[PDB]
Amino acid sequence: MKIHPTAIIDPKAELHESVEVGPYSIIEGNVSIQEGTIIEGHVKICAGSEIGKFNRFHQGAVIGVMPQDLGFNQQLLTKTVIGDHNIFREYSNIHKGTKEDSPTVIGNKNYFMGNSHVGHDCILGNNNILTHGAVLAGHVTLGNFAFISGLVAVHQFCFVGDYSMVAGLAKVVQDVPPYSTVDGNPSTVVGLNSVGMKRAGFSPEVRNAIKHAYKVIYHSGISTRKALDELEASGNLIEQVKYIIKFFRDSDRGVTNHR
């Protein structure tokens, strides 16, 4: 495949022969890019970038740029780890990590819309969608199949659970629980993300069991600590409900207030 004449690629960058690089794009040293990845014009791939297979980088996307962190030492060799089949739209912005053993990690099949931003040391699983203009602070963690709507800001050190929805313009300051929808400023858990669960093809029995868990947690007139104890003492739970309980117990900032 074809690399454009005007593209500036460091001799040490390692690119599979199938990789395409468009006009006026800049690829630095200490970069690896695997099979079938396409890079369009004015794209910047910074030192430390490890890029998987069949990714796309649309015009002006910047990958592995310096952390927006005043205390970060810019002489450090830090990394951005990107999996397979990811789409980075125009002027999307991905920051590298802040320590050697602490990269920014993106899994597979994620979609980063135009102008979207991933801060230093974020960790992101698979099949997530970052909508236009949305910003993740440093150290934000996404699971799999999370949907972040347009112009959302997510506070540092928050966790976004599997199959969750964050609505347009929501200000997220605490965790987004799995299978749930969060909305507003101040943001609240509005309810279940039934749209995400149905599209995923969760059985009605699994959907009802997730419903039951959150009924106990949020709709039974009892504290969250008592609620989680109640669910464990109820019997053999499905993996999804086990996951809800763990997500609540392991929370660093706490879970977003329910509406």
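Position 1 is the first residue in the sequence shown; the rest follow in order.
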Going by the entry, of stretches 192-200 and 44-52 the one with greater average Cα B-factor is 192-200
Between 117-125 and 68-76, the record assigns the higher mean Cα B factor to 68-76
Per the deposited B-factor column, the C-alpha that peaks among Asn110, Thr131, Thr141, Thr98 belongs to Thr98
Sorting the chain's modelled residues by C-alpha B-factor and splitting them into thirds places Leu228 in the highest
How does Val206 rank on Cα B-factor within its chain, lowest, middle or highest third? lowest
Looking at the C-alpha B-factor of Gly184, is it in the lowest, middle or highest third of its chain? lowest
Third of the chain's Cα B-factor distribution that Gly83 belongs to, per the entry: lowest
Taking the chain's C-alpha temperature factors as the reference, tell me which third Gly161 falls into: lowest, middle or highest. middle
